[PDB]
């Protein structure tokens, strides 16, 4: 009675989410560069969001935040290209901090 | 062509050139800095070097 991969995939939160556009997700700040916050939210790629002007000092490494997802992976095919160009990061909007 | 009667206009022409002469220095400084440019072709080309167009298969 070993669970199959097809079963794991069907019942994963990422599969159950459906499309990612305009979906609220919880992220975690794992890397910070100046006012650039690198946030992991459970997907393949992280998103990079600028430090908010209000309560900027509350956003630190490990701080859990609320995001509105736009794309899991930013990719596009440009004129003459044989494959899609990927920037290797997700597109998301940082809304604020998640609190209990 | 008697400068005694045209002192006000003469000074005005000299002020315009002085302001325009400094405008040569101000624009040049901003042109190199890219204050008005969206981005500098040197800066915009380093960014494209990292994401080169691939018209071939690898």
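Here are a few things to note about the model shown:
- Panel order for A:55, A:40, by other beta carbons found within 10 Å of each beta carbon, from fewest to most: A:55, A:40.
- Using the Cβ-Cβ distance between residue B:46 and residue B:26 with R0 = 41 Å, the FRET efficiency computed as 1/(1 + (r/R0)^6) comes to roughly 0.95.
- Cα-based helix-to-principal-axis angle, B:41-50 vs chain B, degrees rounded to 10: 10 degrees
- Among A:59, A:38, B:56, a tally of other beta-carbon atoms within 10 Å of each Cβ gives an order, fewest to most, of B:56, A:38, A:59.
- Projected area, mean over directions - chain B, Cα convex hull, nm²: 6.9 nm²
- Peptides A:84-92, A:2-10, ordered by how many other C-beta atoms sit within 10 Å of their residues on average, highest first, read A:84-92, A:2-10.
- Mean-position separation - Cα centroids, chain B and region A:15-53, in angstrom: 40 Å
- Inter-label distance, nm, simple model (7 Å from Cα along the C-beta direction), residue A:77/residue A:50: 3.3 nm
- For chain A, the pair-distance distribution built from all alpha carbon pairs, in bins 10 Å wide starting at 0, is 15, 38, 28, 15, 3, 0 percent.
All Cβ positions, even for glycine, are placed from backbone atoms using ideal geometry, and neighbour counts span all protein chains on display. Since every read-out is calculated from the coordinates, none of them should be taken as a lab result.
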